[PDB]
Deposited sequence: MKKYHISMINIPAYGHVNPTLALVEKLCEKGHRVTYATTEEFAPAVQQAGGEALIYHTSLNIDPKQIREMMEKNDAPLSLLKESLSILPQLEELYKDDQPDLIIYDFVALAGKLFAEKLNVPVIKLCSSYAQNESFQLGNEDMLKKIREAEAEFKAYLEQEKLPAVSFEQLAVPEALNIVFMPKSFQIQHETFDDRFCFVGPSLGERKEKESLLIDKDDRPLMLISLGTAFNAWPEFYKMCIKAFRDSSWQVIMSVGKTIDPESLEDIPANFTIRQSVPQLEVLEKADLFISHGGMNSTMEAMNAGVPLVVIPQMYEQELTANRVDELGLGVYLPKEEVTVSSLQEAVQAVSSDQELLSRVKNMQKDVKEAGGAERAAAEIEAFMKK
């Protein structure tokens, strides 16, 4: 089994727990990625078939290593390179929303037809217009593995992380400090490289400011997560049953922000309305809403019942028949 995937963490990381499941089941998993994702793929048992790209291109690099022809193709829905290939059974991975004849991603050949098996890394309840998706799509939820020393107090814990979004918006992190400085919240805030924490004037006692944090592990203790609306961060929030305040930047993150809001799993706070006061208001409204939290608990149940990397690896196997 070879799986072709574009070089971006958001697409690679749900695949990692699945190559580990496939490897432990006695399969050969080759993985076309750059050197950037080579250590993570090989740490999960994959064979990193390195390739070069100018980070609608060409699959010549993958064609080169054609000598050891793979037995099954599994391409991320964006890496159309893998879809091109040799009468080999193929499987599509939907690291975002799945698309069919009734719903497509877009605001404005025939390679975007749904495969016989399409694996989507969200529960079906989260998919936009899920009523229109048939047996061709298998909604397995986030594909996570199976830690660190976070103890915390008996007061509510907040995670703040915008991920790769708003990399030139250091005022956001300053507004968060002013918003929750004197509150009963304990705040863990990941700033990436957007702002140097030591450059800050007075880091409050209830804040912990890092460049990066183990987001999965913080979420298991967190009571609220101010996020940017990436699919992975949103599904990790729901896997842990953590309500959301979503501040999106990109188009797909805006869809998810609206999706979170319409499912009653949190609030969508657009970037242009983000102030010290609206951050306080959003956190106060979400954290004090018990019916919202039970809906988040319901969605957490949907995430668990979705099957994860194990159900996806099993459906990949039962697919082998033609």
{"property": "Segments lacking C-alpha coordinates (deposited sequence numbering, starting at 1)", "result": "1 to 5, 61 to 85, 116 to 118, 142 to 168, 207 to 211"}
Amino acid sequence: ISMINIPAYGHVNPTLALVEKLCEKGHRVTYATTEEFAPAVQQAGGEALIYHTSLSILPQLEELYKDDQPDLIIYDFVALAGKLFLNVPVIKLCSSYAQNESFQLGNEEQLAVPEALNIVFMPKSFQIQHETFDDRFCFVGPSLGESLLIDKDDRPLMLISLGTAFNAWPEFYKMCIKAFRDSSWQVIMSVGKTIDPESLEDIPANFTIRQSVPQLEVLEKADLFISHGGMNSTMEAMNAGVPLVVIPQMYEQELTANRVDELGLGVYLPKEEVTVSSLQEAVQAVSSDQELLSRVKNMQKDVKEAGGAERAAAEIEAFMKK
From here on, numbers count along this sequence of modelled residues.
item	value
Between 97 to 105 and 124 to 132 (mean CA B-factor, as deposited), the higher	97 to 105
Mean C-alpha B-factor comparison - 69 to 77 and 166 to 174, higher one	69 to 77
Selection from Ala257, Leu263, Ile50, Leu279 [criterion: highest C-alpha temperature factor in the record]	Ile50
Criterion, highest CA B-factor; candidates, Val246, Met235, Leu84, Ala116	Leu84
Third of the chain, ranked by Cα B-factor, where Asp223 sits	lowest
Record-listed C-alpha B factor of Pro214: chain third	middle
Chain third (lowest, middle, highest) by recorded CA B-factor, residue given as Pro142	middle
Assigned third (lowest, middle, highest) for the C-alpha B factor of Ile195	middle
Third of the chain, ranked by Cα B-factor, where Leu148 sits	highest
